[PDB]
Each structure stands twice: as C-alpha cells, then as structure tokens.
Amino acid sequence: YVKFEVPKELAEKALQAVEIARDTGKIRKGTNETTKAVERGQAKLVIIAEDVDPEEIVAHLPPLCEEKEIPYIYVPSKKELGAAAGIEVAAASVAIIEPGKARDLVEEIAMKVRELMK
RNA sequence: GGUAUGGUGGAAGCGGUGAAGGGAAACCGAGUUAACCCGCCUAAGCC
C-alpha cells in the first residue's frame, strides 16, 4: 500500500499535525473510522502508518485517497501515531476531519504529497 | 427477618488489525472484564 516514499521528519511534522488537530479540532483513528471518513469526504487528511501486518488491511485506503482527492501520508510506526492520536493502541490509519489550529500547517504538508507524485 | 449473584469506600486477559456493551441490522468508536479481606447502602431473586 506504500505508494510513495516519505521523509521521516516530514512524517513527524504530520504527526504533530495529528496531535494539534486532535486537540483543537475533530479527527478519526483506525482503518474503520478513517476509511469511513474518506468515503463520506469528511477527511481533510489521511495519515497511514507503514508498519502493518497484514498489509491488506490498510491497502484499500490509499487509492481511495487519490480517488476522492484526499491527501494521504505515511508515518513510521502505527504505535507512535496511536499515541499521537491519543489512544492506548497502535492505530494503522487516522484521518483529520477538522484540522483545528493545525489547518494551515496541514495545507503546507499536503503540498508535499502534491510534489511526491511521479 | 435474613441473604450479593447488585452496589459504594479502602494497603491478568480481550481491545482503533475496532473490546465490551446497545442494536433485527445499518449504525455507533473507547476503554472494558475482578468472589479476594472488612464494612457500608440496597432486596429483584431466593429461604
């Protein structure tokens, strides 16, 4: 499901974006909530973590992100993001719905995937 | 009358790879599951 390579520091900027968006606005976390967030177009950003077995459980979500034109990014460890998502469990995927104070920043980080193509 | 299988107070397992628990399902989306000691409140159900 890993479509494009990402910097780990940029993944960190994304993670901090998920924290700030968690506190100041609405988000969803785990594949179910987050794919449902895409399908309903509420997803303003999709955060995937690459350490996932089975791969397939996340595999369906990234194409939909380009299919519904929702930005998507990778983060090194689902555990670290689950902690960033404010839960006690590793979370393979997360979505920012309401960016909150993170909004501008996420736009900027979104720009990176715009570049990440090809 | 009495009696915790209900509840209050005190010195290891399932779980966002979706737990329990509601619900016919859709759908919810975060914590649940503890007979262990005493000492309190309660009486369905029981003698």
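What counts and what doesn't
Residues numbered from 1 in each chain as written, not as in the entry; some residues may be left out. Chains lettered and ligands numbered in written order. Heavy atoms only, no water. Helix = DSSP H or I, 4+ residues; strand = E, 2+ residues; numbered from the N terminus. Buried < 20%, exposed > 50% of the residue type's maximum accessible area, 1.4 Å probe, protein only. Contact = heavy atoms within 4.5 Å. Areas by Shrake-Rupley, 256 points an atom, 1.4 Å probe, with all protein chains shown as cover. Expected span 1.5 Å × (residues − 1). Arc of directions from axis to C-beta. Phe/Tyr/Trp six-rings, centres within 6.5 Å; stacked < 30°, edge-to-face > 60°.

1. Comments concerning the overall build of chain A
Part 1: Summing up its helical and strand segments, chain A has six helices and four strands in all.
Part 2: In chain A, the succession of α and β elements from N to C terminus is α-β-α-β-α-α-β-α-β-α.
Part 3: Based on the C-alpha atoms only, the size of chain A along its principal axes is roughly 35 × 30 × 30 Å.
Part 4: Expressed as a percentage of its 118 residues, the buried residues of chain A come to 41%.
Part 5: Pairs at least 24 apart in sequence give 85% of the contacts found in chain A among residues at least 6 apart.
Part 6: Carbon and sulfur atoms make up 50% of the accessible area of chain A, which totals about 6,600 Å².

2. Describing helix 6 (residues 103–116)
What sets the pattern is the α-helix's 3.6 residues per turn: residues three or four places apart point alike.
Part 1: Between its first and last C-alpha, helix 6 extends 20 Å over 14 residues, near the 20 Å set by a 1.5 Å rise per residue.
Part 2: Among all positions of helix 6, only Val106, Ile109, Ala110, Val113 and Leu116 are buried. Buried residues in helix 6, looked at end-on, bunch into an arc of 110°, giving them a common side. Away from the buried face of helix 6 by more than 90 degrees, exposed residues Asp104, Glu108, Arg114 and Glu115 are located.
Part 3: The inward-facing, buried residues of helix 6 abut helix 1 (8–24), strand 2 (45–49) and strand 3 (72–75).
Part 4: In the segment just after helix 6, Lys118 is the residue with positive phi, at about 65°.

3. Observations concerning unusual backbone geometry
Part 1: Residue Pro54 is reached from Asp53 by a cis peptide bond, and omega for that bond is -5°.
Part 2: Despite not being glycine, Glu69 has its phi angle at roughly 60°, a positive value.
Part 3: Turning to its location among the elements, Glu69 is positioned in the loop between helix 4 (61–67) and strand 3.
Part 4: In this structure, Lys118 takes a positive phi of about 65° despite not being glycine.
Part 5: Note on placement: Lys118 falls in the segment after helix 6.

4. Points about the packing of aromatic side chains
Part 1: Summed over the entire model, instances satisfying the criterion amount to two aromatic pairs.
Part 2: Measuring from centroid to centroid gives 6.2 Å for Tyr72 and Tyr74, while their planes differ by 90°, and the two rings are edge-to-face. The pair formed by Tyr72 and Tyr74 is uniform in burial state, with each residue classed as buried.
Part 3: Each member of the aromatic cluster is reached from another via a ring pair, and the members are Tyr1, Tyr72 and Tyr74.

Fair warning: the whole summary comes from geometry, so function is off the table for now.
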